[PDB]
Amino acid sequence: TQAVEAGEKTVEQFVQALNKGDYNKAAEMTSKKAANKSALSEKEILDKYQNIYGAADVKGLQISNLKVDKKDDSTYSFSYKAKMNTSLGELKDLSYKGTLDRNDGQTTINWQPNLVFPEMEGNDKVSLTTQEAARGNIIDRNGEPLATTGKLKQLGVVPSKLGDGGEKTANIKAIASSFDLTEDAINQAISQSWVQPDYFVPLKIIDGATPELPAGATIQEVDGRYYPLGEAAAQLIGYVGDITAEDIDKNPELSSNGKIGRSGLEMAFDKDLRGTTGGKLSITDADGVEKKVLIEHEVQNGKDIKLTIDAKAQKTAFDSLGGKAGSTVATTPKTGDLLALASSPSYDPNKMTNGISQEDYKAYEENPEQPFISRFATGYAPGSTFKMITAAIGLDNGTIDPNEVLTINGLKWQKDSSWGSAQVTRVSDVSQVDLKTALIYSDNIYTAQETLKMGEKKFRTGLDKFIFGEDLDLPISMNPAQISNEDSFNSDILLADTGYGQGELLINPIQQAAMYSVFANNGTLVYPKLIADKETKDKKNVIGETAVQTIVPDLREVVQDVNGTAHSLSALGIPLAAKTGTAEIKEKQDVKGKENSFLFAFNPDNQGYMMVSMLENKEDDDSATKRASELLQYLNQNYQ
């Protein structure tokens, strides 16, 4: 019992050393090389485990049902079941067995080749054959491709068929002008360490018609990932990169030869898109004659994935931002179908996955506008567009009388002198302001006064009926929206600022479209969905139906009234209910007030589409409303 307990500890420590990959530590626990002891020496056991387990990418060796008995006065027999993860899946139900040696005062393992795999004898060999799985495609709501593996035209040069002295520099200058390349990068590519005289050094991926090939230029077709929309959907779709050795150490079921999604939907759906590797892991004998097949299954290609995105709406929404910092979200508010999730500025996912220079990558990462940000999933202050929600809450709890007219003098206002220099600011000096006037002119002072009159308790009661704190069921990384930092404002100034969409509010554009959908469903919140085959989930009785039939007519006047903030949209001649907004942010960089322009708009007749667009740190005389004419036409003519 005292020695049998020490034998169980030896088997447990040996398996642990194998699980941790330290094969040297495991080999030092074996007995000496003999006929009925260890079969191989310590350094030979190290090399056999490192070769065999390293070939199949063995990971996570764990045992169970351990039993250590006693045979002779110095031999203790052990046995256990075990399982492990390999590059072809999990290898479960393995019956291991062996003998221990209890000479001296420390128990060792009589090592045998059956301790690598159960039925191995002497000089048995292990063979692994694998076939890569094709990565699945990502498609829009109409089957158009958003991410596809296909053939590409790769531009490269062979330094031998170029020329000697002047003929080489002339062709390099000719290839640089025929394919929009710098003459200093062609020389740097052909002068890398890995280059040999007769090698094919790739350069650029041409995504169109190939021009004339100078002396030394050659195109070779290669298979790779391709994104048709390009930068218009780079943040949403993402990109794939080469699989590294570290990736295989974390997940052996990957393909060391394949691609892995690094961000976006390519990464959120990497498992469903990459498929499963097919092949066979067998034990052979001396040569290649198979004895036992351990693992084998056919290769399964990756599943395709269909999104609610519209490929034409995604491109139009992105191009409408003109490369400026901002985001645009388009949905069908009755179902939640995310038609477009645009973010600007953006990066080139094709250049990102087909080899990008450290210079162009640093330009993306050091750009102050930060194109890598998925702005549709980034928490922003909603802006004074948030008046609709505060007004709807005010109508529900009866705080706001739609016909009561407040008297506001000037462009600034504060409750008491206790507010110091904290003041609510508006843009239009309108003396007689009611709810309809406040929504047309986007009057923050009216909203601030109604919020303070409503009180924090009644205001939070209406806010809590939304999606603050909820994690949306979406394959996009994002934090839940919040009302403030803590569960109480503890500040009249913060309460008022929260009223018209400022303060510590944090709501990303997707969450905004979810909350704003109540005006297209008679007070019912419709959760947005990105996967086409998903069921429509909704949240009923968020705001009163009376508040909807009171605010939406006013939102029509935001477009139709000549002094409405979105009156430029009346040029469309389509039924529009809209609401613009602004937000002042005290960021860093300099300290000059950064302003954000917002636009909410949907069809108040058919409720077919809804739009939430915003510009981050807007240039002067720019706005989201100025850039929405094109997308609103498409959504109106195709989503009724």
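A residue's number is simply how far along the shown sequence it sits, counting from 1.
Across the two stretches, 276 to 284 and 506 to 514, the PDB entry reports the greater mean Cα temperature factor for 276 to 284.
Of the two segments examined, 78 to 86 and 249 to 257, it is 78 to 86 that shows the higher average Cα temperature factor in the deposited entry. Highest CA B-factor among the listed residues (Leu162, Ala317, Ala233, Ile483): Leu162. Between the residues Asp554, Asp270, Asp207, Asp434, it is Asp207 that shows the highest Cα B-factor in the PDB record. Sort the chain's modelled residues by C-alpha temperature factor and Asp622 lands in the lowest third, per the entry. The entry lists a Cα temperature factor for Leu66 that places it in the highest third of the chain's modelled residues. Annotation for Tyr239: CA B-factor lies in the middle third of the chain's modelled residues. Among the modelled residues of its chain, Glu119 has a C-alpha B-factor that falls in the highest third according to the deposited record.
Per-chain ranking of the deposited C-alpha B factor places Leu632 in the middle third.
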